[PDB]
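Structure first, commentary second.
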Amino acid sequence: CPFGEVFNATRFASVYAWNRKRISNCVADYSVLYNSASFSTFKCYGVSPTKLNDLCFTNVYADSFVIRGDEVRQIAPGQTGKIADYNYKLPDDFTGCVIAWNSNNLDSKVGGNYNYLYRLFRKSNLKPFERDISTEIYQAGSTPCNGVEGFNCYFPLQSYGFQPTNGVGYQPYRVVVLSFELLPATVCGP
Amino acid sequence: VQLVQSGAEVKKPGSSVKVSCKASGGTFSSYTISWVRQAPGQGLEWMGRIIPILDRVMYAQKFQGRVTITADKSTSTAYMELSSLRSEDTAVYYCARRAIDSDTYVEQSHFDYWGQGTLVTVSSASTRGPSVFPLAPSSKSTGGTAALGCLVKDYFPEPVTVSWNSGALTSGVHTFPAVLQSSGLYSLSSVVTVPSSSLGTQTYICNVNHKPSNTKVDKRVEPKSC
Amino acid sequence: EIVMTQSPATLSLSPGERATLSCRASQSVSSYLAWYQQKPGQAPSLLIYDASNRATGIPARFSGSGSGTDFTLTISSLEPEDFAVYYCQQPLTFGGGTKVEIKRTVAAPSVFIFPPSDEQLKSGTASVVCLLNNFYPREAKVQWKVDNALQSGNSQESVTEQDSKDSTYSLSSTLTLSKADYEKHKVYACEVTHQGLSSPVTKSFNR
Ligand SMILES: *[C@@H]1O[C@H](CO)[C@@H](O)[C@H](O)[C@H]1NC(C)=O
């Protein structure tokens, strides 16, 4: 299974436009993941990481994006926040694994890496596994926006000002969410 | 909850000016800072507004390309920079704050606090103290009432303050607003109507102060003879 | 940009009367409107915000109304301190402003003229000042005549604010010439035209 193409990718996506790789018709060796000393987050829900290499699944999904350090907690079932409500929402019955690691050496630029964005304004909360890439001006007040940024009329996305000297809570973290479908199994452990 | 601005400036035509506005601690977390200017004898003109908590700034159409508004959260100070100054940019520049919700980012339209203002004079003239000349009372200045005054001529920049008898004489005093002459220097007049019987018994002295040049001049206006 | 039109430009009323000030918009500002008062030498002070809400400490005689594009500022009974300039404000622009001045009986100006001082003549410049004192209304015309020749380009006017005691105005006109040009002529006259004067009054002096 192409696990390296997700974890060892040169470019990562923003939270609002989180990528997804469907993995099927292969054998997945999870030992390469839970034996690595490179991850700061490794929480599996409804599954054991050790027993993962001896189970079969019909399909497994790999979602990848970039958030800051203090927002990794929101990538978990039953969490609330700007990321969990407006960017990437996990279901309360989530059966999978969440992996993350610090990426300050790659995603932080001197003048601030303004390429990584997150959605700050939205009229409703996201459904589990829903993605919104809209760029419509958010009407925070009583006057229409007409597609122009202005008074109480905001562009819905806000840029992470990722600087390498920021605090660890404000530093970029590359996150890979693994979801195992429990629905004919096409992926299995060794 | 205070807004203290930088001192008055005199800038040459074509140069740039940067006016500062220091706010009380915590203002940049629940308030936005706008810049409003007012030319002498004219109305208020909104230029732009900065939102510190979102690193977002918007400018008026007339001021796009010439104004850059910044906010330094480290020192709790906001800045405004006007690029290519000329005569109609001579105005009193105010910094004003509006409330914004730190969780919904909803901003109010009304200003709840203003600064003291910063006078920016765009001119190629240099600082010059005033020349005080007497306006002597005579027949052309008089039934029982006489008119005398002082002419505060050729000074730059504004402002000037004029008093009579070191503040003792207040009644009948008219200090006219200044005018900008063709030379680029201002001229002012301050007149006072007094009884004609006191022209020989009362002494009248006008006190002029021009702080931009540190000039304190007092002039005794005496009656004229045929 | 939404243009905010304030009407009228000037209001002449008496203390104790009701003042109604209009602010109109070219596009709807919803309820995002505020009314400000500015006295001479002071910063603007907020009176009404969100179209109809009175600010803290503002007397109850100030009231605001309107929505969208039509708004009205109402002073139920004018106090002597309410005579100033009033601005309406949208999220982006201010209004042109409305001046509220005190109505008064017509008063003719006391015209005085001042020949230049000998100290200024030593400097090489001559300035003649024409003084119009305590008149109403504010509109007045001052014509400078040198040897019965109308002067233009070498005079400047200035009007004081309305007096807080008699509610009149005063005007100062200064005619400036060089010492050489001042001695090429003899008669220097100041012609004043006002409503209180049946005929234009001339104050003159021979050099
Ligand atoms: C990424 O690369 C490192 C070294 O090149 C390797 O040890 C690691 O297993 C790779 N990650 C994956 C998911 O294959």
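Here chain A follows Swiss-Prot, giving residues 336-518, 521-527 in order.
Quick check of the header: X-ray crystallography, 2.5 Å.
For all residues, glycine too, the Cβ spot is worked out from N, Cα and C.
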Exercise for the section: Would you mind checking which of A:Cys361, A:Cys379 shares a disulfide with A:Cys336 in Swiss-Prot? Expected result: A:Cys361
Practice task
Name the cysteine that pairs with A:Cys525 in a disulphide bond per Swiss-Prot, restricting the answer to A:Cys391, A:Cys432.
Solution key: A:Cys391
Practice task
Choose one of A:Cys379, A:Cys480: the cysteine that Swiss-Prot connects to A:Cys432 by a disulfide bond.
Solution key: A:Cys379
Practice task
Around ligand 1, within a Cβ distance of under 6 Å, which of the recorded positions A:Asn343, A:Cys379, A:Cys525 show up?
Solution key: A:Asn343
Fill in the blank from the handout: Among the disulfide-bonded residues A:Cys379, A:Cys391, A:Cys432, A:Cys488, A:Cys525, the one whose Cβ has the most other Cβ atoms within 10 Å is A:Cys432
Exercise for the section: Count the residues of the region 'Receptor-binding motif' (A:437-508) that DSSP assigns to helix (H, G, I), to strand (E, B) and to coil, and report the three numbers in that order. Expected result: 4 helix, 16 strand, 52 coil
Exercise for the section: Look up A:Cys525 (disulfide bond) in the DSSP assignment and reduce it to helix, strand or coil. Expected result: strand
Completion exercise
CB neighbours within 10 A of A:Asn343 (N-linked glycosylation site), counting all protein chains shown, number 7
Practice task
Work out how many Å separate A:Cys432 (disulfide bond) and A:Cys488 (disulfide bond) at their Cα atoms, rounded off.
Solution key: 38
Practice task
Taking A:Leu518 and A:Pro521 as the modelled residues on either side of 2 missing ones, report their Cα-Cα distance in Å, whole number only.
Solution key: 8
Handout entry: Those residues of the chain, 6+ apart, with a Cβ under 8 Å from that of A:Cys480 (disulfide bond)
Key = A:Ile472, A:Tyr473, A:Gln474, A:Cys488
Completion exercise
One of the disulfide-bonded residues A:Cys379, A:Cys391, A:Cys525 has its Cα closest to the Cα of A:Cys336 (disulfide bond), namely A:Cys525
